[PDB]
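First the structure, in the form of structure tokens, and then the observations on it.
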Amino acid sequence: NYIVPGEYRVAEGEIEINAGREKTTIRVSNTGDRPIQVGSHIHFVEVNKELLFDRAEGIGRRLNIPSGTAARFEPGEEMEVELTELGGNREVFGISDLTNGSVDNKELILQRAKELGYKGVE
Amino acid sequence: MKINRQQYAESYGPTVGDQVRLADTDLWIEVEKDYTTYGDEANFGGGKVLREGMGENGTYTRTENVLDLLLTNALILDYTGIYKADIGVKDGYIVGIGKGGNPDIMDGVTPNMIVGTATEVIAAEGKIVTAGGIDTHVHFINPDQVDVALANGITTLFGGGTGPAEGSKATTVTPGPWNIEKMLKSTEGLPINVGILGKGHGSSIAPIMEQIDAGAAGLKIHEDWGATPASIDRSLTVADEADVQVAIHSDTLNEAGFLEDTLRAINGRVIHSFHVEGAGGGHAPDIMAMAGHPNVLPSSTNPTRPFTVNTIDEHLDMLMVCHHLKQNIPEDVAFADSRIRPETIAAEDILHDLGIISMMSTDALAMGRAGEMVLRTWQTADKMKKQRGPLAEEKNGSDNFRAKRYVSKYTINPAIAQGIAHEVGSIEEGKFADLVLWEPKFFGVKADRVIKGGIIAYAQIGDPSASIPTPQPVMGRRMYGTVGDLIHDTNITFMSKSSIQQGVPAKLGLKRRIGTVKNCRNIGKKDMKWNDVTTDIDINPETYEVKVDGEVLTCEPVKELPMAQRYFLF
Amino acid sequence: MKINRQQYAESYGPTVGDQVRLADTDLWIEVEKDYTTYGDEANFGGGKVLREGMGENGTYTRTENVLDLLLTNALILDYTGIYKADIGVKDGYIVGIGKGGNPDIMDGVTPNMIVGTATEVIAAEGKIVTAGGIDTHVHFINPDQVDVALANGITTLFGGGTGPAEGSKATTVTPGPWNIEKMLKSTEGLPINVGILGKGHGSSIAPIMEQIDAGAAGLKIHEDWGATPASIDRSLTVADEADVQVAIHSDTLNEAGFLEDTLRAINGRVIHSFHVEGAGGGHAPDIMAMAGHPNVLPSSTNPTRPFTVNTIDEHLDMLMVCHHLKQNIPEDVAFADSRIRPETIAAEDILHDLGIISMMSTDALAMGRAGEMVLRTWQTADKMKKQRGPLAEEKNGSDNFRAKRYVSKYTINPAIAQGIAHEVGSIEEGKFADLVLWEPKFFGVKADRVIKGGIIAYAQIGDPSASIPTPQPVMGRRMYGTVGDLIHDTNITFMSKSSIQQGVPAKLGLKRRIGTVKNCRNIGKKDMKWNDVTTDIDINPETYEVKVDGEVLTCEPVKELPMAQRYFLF
Amino acid sequence: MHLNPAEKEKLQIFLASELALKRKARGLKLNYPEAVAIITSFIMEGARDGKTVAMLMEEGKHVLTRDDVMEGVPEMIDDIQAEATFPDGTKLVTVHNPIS
Amino acid sequence: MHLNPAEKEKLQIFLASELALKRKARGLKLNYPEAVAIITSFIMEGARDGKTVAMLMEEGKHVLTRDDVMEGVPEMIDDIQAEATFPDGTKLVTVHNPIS
Amino acid sequence: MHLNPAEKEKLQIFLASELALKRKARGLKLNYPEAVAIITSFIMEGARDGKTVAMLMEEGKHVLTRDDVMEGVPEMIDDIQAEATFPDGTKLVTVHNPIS
Ligand SMILES: [Ag+]
Ligand SMILES: [Ag+]
Ligand SMILES: [Ag+]
Ligand SMILES: [Ag+]
Ligand code: NI
Ligand code: NI
Ligand code: NI
Ligand code: NI
Ligand SMILES: [O]
Ligand SMILES: [O]
């Protein structure tokens with residue numbers, strides 16, 4: 001009974017994040033010469049044009065990582081990440097201006113991605 | 001993907017079933033529920049979630065369900081519960097307790113808690129958030145008293161005084177229309193909520209009522225002005241008509257009556273009994289029996305809180321200095337021994353623990369400490385856990401029942417007693433955003449940030465010349481809520497309905513928010529949250545022993561308290 | 001009758017060709033010209049020249065070419081020149097730079113610089129006089145920051161914040177109409193000029209524009225809110241319509257783009273690049289290449305200024321504390337090493353010296369020092385003289401060219417960038433009388449007197465109980481310009497044209513002078529006084545080496561600075 | 001440090017007490033504010049040591065004697081009052097007629 | 001002297017450090033603000049001596065040990081931060097986990 | 001104590017002088033505010049001792065020498081002025097060119 005003022009006594013167990021949502025693993029390569037770090041809640045298809053991956057598999061999704069954390073890609077680095085599904089209304093506005101509406105509009109998102117040179121539109 | 005509960009609590013603050021120690025006390029609070037959706041927690045910073053198109057909505061204008069301010073991941077401690085939520089503020093009021101962010105991409109977002117372009121962020125992860133403290137026994141003696149109150153989490157001062165005049169140095173009284181007008185104008189410069197008490201003394205209605213019409217928010221009956229049957233009766237007749245609260249400091253000397261005479265004058269009407277234990281004042285020796293009655297809203301002042309080894313020696317001498325007593329006048333020695341009683345101070349600890357005394361208060365600068373109402377509330381709860389054990393009502397090994405009973409004593413119960421709980425006293429939707437953030441290590445000792453009307457008024461913060469604000473010296477400082485005209489929009493002057501209907505704010509040029517006192521005459525003990533017990537309190541006239549349900553109430557004084565020498569430089 | 005030049009300079013301050021050392025630096029400024037008529041110098045005191053019928057005119061009423069205030073014998077240091085003149089002030093503005101006194105008996109009197117009954121005198125003989133500093137990277141976190149700024153000669157604060165909220169602690173942002181209104185009201189109590197930045201974030205125009213209409217003077221794009229292509233584009237569309245400046249802290253993480261992506265979103269529009277070197281924030285590692293572009297107005301923040309032996313150790317740990325980095329998370333270590341770079345901090349010293357970085361600023365209380373913008377400007381110029389030698393442009397062995405290039409970085413250039421150089425930023429006729437007097441021994445370290453709108457606001461002055469004001473303790477103190485309603489007439493709130501046209505000052509009850517932001521969208525690098533260089537800056541992605549015209553920019557860190565341990569008690 | 005208003009003020013008392021003690025050490029008879037500062041600081045450091053209110057009410061009457069202070073100073077000081085954090089929290093000490 | 005706002009504030013830290021050191025010298029276990037004041041003043045006097053930021057980041061972890069302070073104080077102090085004028089101007093020192 | 005505004009301010013000078021003297025004792029050359037604080041406090045403690053204005057105008061020129069202070073500090077201090085309560089009430093002392 002050493003007292004640490006304000007200390008936690010946390011319950012037993014683990015917290016599952018993004019419970020009940022579909023998970024998807026994809027390979028992503030930083031084709032650029034500068035580091036890219038991606039946060040938990042950016043619409044994955046709208047990341048830096050120099051990240052090469054199957055852009056279709058980023059639509060309606062974000063990184064399956066604890067809220068407020070990031071995946072880092074060093075220059076030239078290729079690695080796998082796990083994605084989860086966006087929730088709420090599944091709409092995205094702004095960011096890279098690829099969606100500005102429902103994430104259901106896959107053709108329109110990919111058409112804009114390809115036109116602006118977001119790498120990996122099949 | 002899963003996070004263990006230690007890392008989860010480090011990142012976002014604790015979640016359901018996690019416990020947190022209150023400062024260096026033995027008291028543990030447990031998270032009862034959490035409004036979050038695990039994985040969609042809101043947070044602010046580099047690469048974090050509250051960013052445009054992500055946890056921040058880039059579409060909605062301010063009017064379209066967007067907050068002015070989100071407190072992320074708060075551990076709320078309130079009479080309404082001990083639980084985890086985001087707190088949304090707009091137009092200076094709490095508009096949502098729930099889950100903030102962006103409905104575009106997040107599950108479970110409370111519909112009026114959108115983070116948008118218009119939203120400021122305060123990170124409350126790992127903080128305890130409470131309502132601002134409501135101190136209803138304030139003597140306005142020295143303006144330096146306001147920062148003292150703010151530094152210990154007090155946001156409302158109810159009481160009276162004109163500064164260090166003897167009337168004000170003894171009594172919570174701003175007497176008469178002119179003094180009340182002058183102190184309402186002074187109040188324009190005080191960065192805290194204020195309500196002013198008039199003199200509850202007279203044998204005609206008009207001299208008392210004209211104070212209510214001038215802008216007083218209530219009355220104080222004090223023995224120093226004559227706590228006679230007539231002054232008690234006229235004050236309560238005025239209060240019943242005006243819908244304001246009466247506080248009473250009764251006739252200690254029993255000059256015109258004993259306790260039963262004061263209760264007969266009250267005649268079942270509603271009254272706030274100040275320092276009900278009686279060291280601070282009242283019918284010797286049995287005043288504390290007031291706390292048993294259904295029409296009495298009973299408060300303690302703080303120097304008796306809780307009962308310690310130095311209490312009696314300190315109080316006998318404090319009373320000698322306060323009253324100019326002479327040790328060679330036997331009548332002065334008999335008076336002091338009739339008023340300073342270990343039997344009633346010890347019973348006062350247990351009456352708090354049982355929910356029979358409903359409220360705390362300071363008695364700031366008259367016979368009590370402006371910055372120690374919150375501090376001594378938790379010291380008392382800690383002492384009672386050590387001496388009486390967990391309350392029967394407790395579950396899961398937590399002190400949540402005792403923590404709700406005790407937080408009620410300095411938040412919601414004084415607000416209800418004063419007729420101001422529509423505006424302040426709890427973290428509820430629709431109430432004024434007076435919020436206190438605490439590091440658990442400093443809980444009840446030194447507030448981190450005090451929010452007044454949705455803007456920070458006071459903060460423990462460091463070197464103003466530094467690259468970042470955390471370097472030494474970290475001290476209590478007034479913030480932008482106190483500066484310029486913002487002091488008007490972030491604070492409330494509480495006033496009688498009649499003074500408001502008669503246009504006193506416009507007459508005096510008051511720019512502060514005007515709060516209406518109301519719903520004070522139709523309440524009783526049953527309305528005191530978690531502290532609603534009526535009972536026959538017997539105080540033995542010979543031994544001063546206190547009995548409830550045939551059982552003597554006694555406990556030992558303690559040699560040591562938590563929330564003391566670990567924290568304070570003096 | 002002749003005076004030798006040593007006695008002349010002792011009596012009246014220096015004259016043409018005389019040099020003055022700046023504090024304890026190696027930097028010398030030379031008087032380029034003098035407006036006086038030798039023998040008719042103005043001076044005030046017992047038996048001196050500004051007396052009725054003599055150097056003071058006894059005939060003219062105030063309206064008849066008479067000054068409210070004459071600064072006698074000032075050594076002006078300004079982008080417009082380094083020269084000797086009297087400075088005349090009337091209605092709070094500089095109305096004459098030339099020769100004051102009485103045309104009755106004196107030769108060469110500037111016709112609107114009569115000393116009359118209405119004229120106050122400040123003796124500037126032996127003083128250096130500059131414009132007040134314009135700090136365009138202010139976080140409003142702690143009101144104690146204002147005196148810190150005043151004590152080092154800063155008179156305008158542009159930036160954002162609501163006090164020590166996390167949003168404000170990271171970003172120069174007062175978000176949304178309500179926070180902007182509350183901080184305009186707070187501003188009524190701050191004895192310094194202020195302009196407030198809104199949140200430059202959103203994917204719809206209306207949530208951004210409504211901040212401009214509410215009274216914001218500009219916008220801040222910050223990575224912490226999402227420095228995305230959409231937020232950059234919408235902010236600049238709003239700015240082009242509203243005629244206000246946008247500041248940017250870009251996407252350090254390169255999450256949505258690299259530097260070339262941010263520049264494509266900007267699309268040749270005007271923007272202020274904050275902390276362009278990048279330690280304070282921006283595209284890792286090449287953000288500083290922004291300073292080569294003609295549409296970029298580039299500023300440094302001050303902790304990198306200049307490059308010293310403790311800089312890197314201090315900044316790696318400062319970033320760890322600021323960002324809550326963990327030394328056992330390899331991604332955090334890689335991030336810190338990508339952001340804190342000796343190669344870019346060393347090149348930043350030389351880019352200042354070459355006129356490629358146009359502006360200084362603090363980053364007050366977020367990642368920079370409220371009272372060190374002026375101090376570190378001169379420390380940088382001194383280091384560059386020691387390491388690079390006199391600039392080619394210099395003549396007569398003086399540092400006048402380097403002194404004009406460097407004084408421009410914290411006076412006129414931020415004013416031009418913000419759209420406020422019609423009111424402030426230089427000692428020119430027709431501009432607001434924000435003036436700083438310096439003893440040469442204290443130049444850039446501690447201001448003697450700070451004049452705000454023609455009244456002293458802040459002074460290094462001694463014992464207020466003493467027979468005279470020079471006895472100890474001499475310290476920085478607020479003066480009568482800060483007291484009562486005079487704080488309103490001596491300071492400017494800068495606001496958007498739309499907020500002014502919509503009557504926001506009357507709506508909020510603002511009593512301060514209202515300044516109009518304008519002429520911000522039609523400017524570029526070429527408009528930065530003495531700091532107008534566009535060039536291709538190459539930053540090697542592997543080595544972080546910086547090249548301009550095929551030449552690597554590098555210099556050594558210094559172990560010692562002037563304007564440091566000789567002056568400061570801590 | 002998290003200094004509150006009283007902790008900042010009470011630093012001043014300790015400082016005035018240090019000044020006064022240096023003046024006593026070089027052989028000066030102490031004046032009114034010096035004597036008050038010495039006895040006040042004694043009380044506050046006593047509380048910090050964990051003494052009782054009763055111990056400090058006794059000890060405070062023996063910190064300075066009339067031969068330590070100027071003519072009239074004993075009669076000017078009716079009592080000296082100080083609040084400090086004891087192990088059992090803030091308490092008030094009054095030392096009555098501290099100097100004879 | 002020409003004191004600026006920070007020079008006036010930082011005098012208070014030196015004073016709190018002098019108070020704390022006297023309390024340590026008479027055998028008290030130091031509390032939270034005392035420990036912070038001692039380590040803060042050490043850093044600022046170190047800068048004045050001309051030490052490097054790196055030297056003070058090391059030394060600050062050895063000014064006080066857990067046997068110098070009350071139960072829980074080591075765990076209450078995550079870090080101590082101070083800005084002072086080094087020979088090369090103002091720099092920030094942070095001492096991480098100063099007391100174990 | 002009944003401190004007036006000047007008594008509170010002048011406590012700060014004594015404190016800065018104590019800080020400076022500790023810095024001199026560990027072998028530092030003193031800077032501008034340190035030198036001013038030492039000589040100022042000397043004057044005020046001299047008045048308290050009952051010295052004359054004439055004695056302090058002489059003595060103040062011998063408190064610090066140029067070998068006690070940094071390069072340029074002697075030339076930065078033209079004079080040091082202080083008001084203090086002498087036995088015959090408040091008087092002004094100016095020490096001209098205190099350091100050569
Ligand atoms: Ag009393
Ligand atoms: Ag009394
Ligand atoms: Ag930072
Ligand atoms: Ag950071
Ligand atoms: Ni009372
Ligand atoms: Ni009272
Ligand atoms: Ni930045
Ligand atoms: Ni910034
Ligand atoms: O009271
Ligand atoms: O920044």
Side-chain angles (χ1 to χ4, degrees), chain C residues 1-45 48-49 55 70-88 97-101 106-108 110 113 121-131 153 374 377-378 381-382 385 389-391 393-408 411 426-427 435-445 447-449 530 562-563, chain F residues 71-72 74-76 78:
Chain C
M1 223 262 210
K2 304 185 182 179
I3 317 185
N4 88 168
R5 305 284 306 247
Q6 192 62 51
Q7 276 126 69
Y8 185 92
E10 283 162 5
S11 291
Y12 308 113
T15 190
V16 184
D18 296 342
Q19 292 181 353
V20 188
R21 183 192 294 278
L22 299 192
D24 63 348
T25 73
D26 290 355
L27 301 163
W28 296 84
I29 61 167
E30 187 172 318
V31 180
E32 297 167 336
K33 57 178 173 170
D34 182 347
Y35 283 87
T36 197
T37 300
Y38 290 137
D40 272 337
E41 294 80 358
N43 37 75
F44 169 85
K48 304 251 183 165
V49 164
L70 187 64
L71 281 69
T72 58
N73 307 299
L75 176 50
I76 292 165
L77 160 56
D78 192 76
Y79 86 89
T80 60
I82 299 169
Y83 67 95
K84 190 78 178 295
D86 295 333
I87 302 165
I97 301 166
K99 196 283 166 283
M106 283 177 167
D107 276 3
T110 309
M113 294 180 63
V121 181
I122 286 169
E125 40 269 34
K127 299 286 189 303
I128 296 164
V129 185
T130 68
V374 177
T377 298
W378 298 108
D382 175 76
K385 185 179 173 186
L391 289 170
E393 298 88 322
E394 301 296 5
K395 226 61 213 73
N396 212 319
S398 85
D399 300 303
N400 283 24
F401 183 88
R402 195 177 252 123
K404 292 171 194 162
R405 168 164 286 160
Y406 278 80
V407 79
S408 296
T411 59
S426 66
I427 304 182
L435 297 170
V436 184
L437 282 81
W438 309 88
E439 295 185 79
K441 74 194 178 188
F442 287 123
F443 177 78
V445 187
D448 166 45
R449 279 163 290 166
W530 301 107
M563 298 166 77
Chain F
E71 176 161 313
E75 292 81 14
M76 293 176 72
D78 295 323

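We name chains A, B, ... by the order of the sequence lines, and we start the count at 1 in each one.
- Between the side chain of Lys99(C) and the backbone N or O of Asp40(C), at least one donor-acceptor pair lies under 3.5 Å.
- With values rounded to the nearest 0.5 angstrom, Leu22(C) atom CG is found 9.0 Å from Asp382(C) atom CG.
- Judged purely by distance below 3.5 Å, without hydrogens or angles, the side chains of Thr15(C) and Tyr38(C) pair a donor atom with an acceptor atom.
- Ion pairing between a basic and an acidic side chain is recognised when a charged N comes within 4.0 Å of a carboxylate O; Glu32(C) and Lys404(C) show such pairing.
- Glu10(C) contributes no side-chain N or O that, together with a main-chain N or O of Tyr8(C), makes up a donor-acceptor pair within less than 3.5 Å.
- The CG atom of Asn400(C) lies 12.0 Å from the NZ atom of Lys395(C); values are rounded to the nearest 0.5 Å.
- Of all heavy-atom pairs spanning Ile82(C) and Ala403(C), the tightest one is CD1-CB, 4.0 Å.
- For the pair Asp399(C) and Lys385(C), the tightest heavy-atom approach, listed with the atom from each and the gap, is OD2-NZ, 2.8 Å.
- Side chains of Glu125(C) and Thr72(C): a donor on one and an acceptor on the other come within 3.5 Å.
- Annotation for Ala131(C) and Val436(C): closest pair O-CG2, 4.2 Å, computed over non-hydrogen atoms.
- When side chains are defined from C-beta on, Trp438(C) does not count as touching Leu77(C), because their heavy atoms never get closer than 4.5 Å.
- Put simply, the side chain of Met563(C) reaches to within 4.5 Å of the side chain of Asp24(C), judged on heavy atoms.
- Looking at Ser398(C), its side chain never comes within 3.5 Å of a backbone N or O of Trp28(C) through a donor-acceptor pair.
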Would you sort out whether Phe443(C) and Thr130(C) count as a side-chain contact (heavy atoms from CB on, under 4.5 Å), showing the intermediate values?
-> CA-CA 10 Å; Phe443(C) 177 78; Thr130(C) 68; 4.0 Å; yes
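- Between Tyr79(C) and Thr411(C) there is no side-chain heavy-atom pair separated by less than 4.5 Å.
- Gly444(C) and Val374(C) get closest at one heavy-atom pair: CA-CG1, 3.8 Å.
- For the pair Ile29(C) and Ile128(C), the minimum side-chain heavy-atom distance is below 4.5 Å.
- Side-chain atoms of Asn73(C) never come within 3.5 Å of backbone atoms of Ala124(C) as a donor-acceptor pair (strictly under, hydrogens ignored).
- The shortest distance between side-chain heavy atoms of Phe442(C) and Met76(F) falls below 4.5 Å.
- Summarising the geometry, atom CG belonging to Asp34(C) is positioned 9.5 Å from atom CG belonging to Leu75(C); distances are rounded to the nearest 0.5 Å.
- In this structure a side-chain-to-backbone donor-acceptor pair under 3.5 Å is missing from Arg5(C) to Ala9(C).
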Given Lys84(C) and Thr36(C), is the side-chain contact (heavy atoms from CB on, under 4.5 Å) satisfied, shown in steps?
-> CA-CA 8 Å; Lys84(C) 190 78 178 295; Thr36(C) 197; over 6 Å; no
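- Within the 4.5 Å cutoff, the side chain of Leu437(C) has heavy atoms near those of the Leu71(C) side chain.
- The cationic atom of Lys33(C) (NZ for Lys, CZ for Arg) lies less than 6.0 Å from the six-membered ring centre of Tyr83(C) and within 45° of the ring axis.
- For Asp78(C), the side chain to side chain donor-acceptor pair (under 3.5 Å) test picks out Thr80(C), with sequence neighbours left out.
- With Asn43(C) contributing its side chain and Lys48(C) its backbone, the two residues share no donor-acceptor pair below 3.5 Å.
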Could you check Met106(C) against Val49(C) for side-chain contact (heavy atoms from CB on, under 4.5 Å), going step by step and ending with a plain yes or no?
-> CA-CA 10 Å; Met106(C) 283 177 167; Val49(C) 164; 3.3 Å; yes
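- Note: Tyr406(C) and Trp378(C) have tilted aromatic rings, judged against thresholds of 30 and 60 degrees for the angle between ring planes.
- Listed for the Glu394(C) side chain is a donor-acceptor partner under 3.5 Å among the backbone atoms of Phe401(C).
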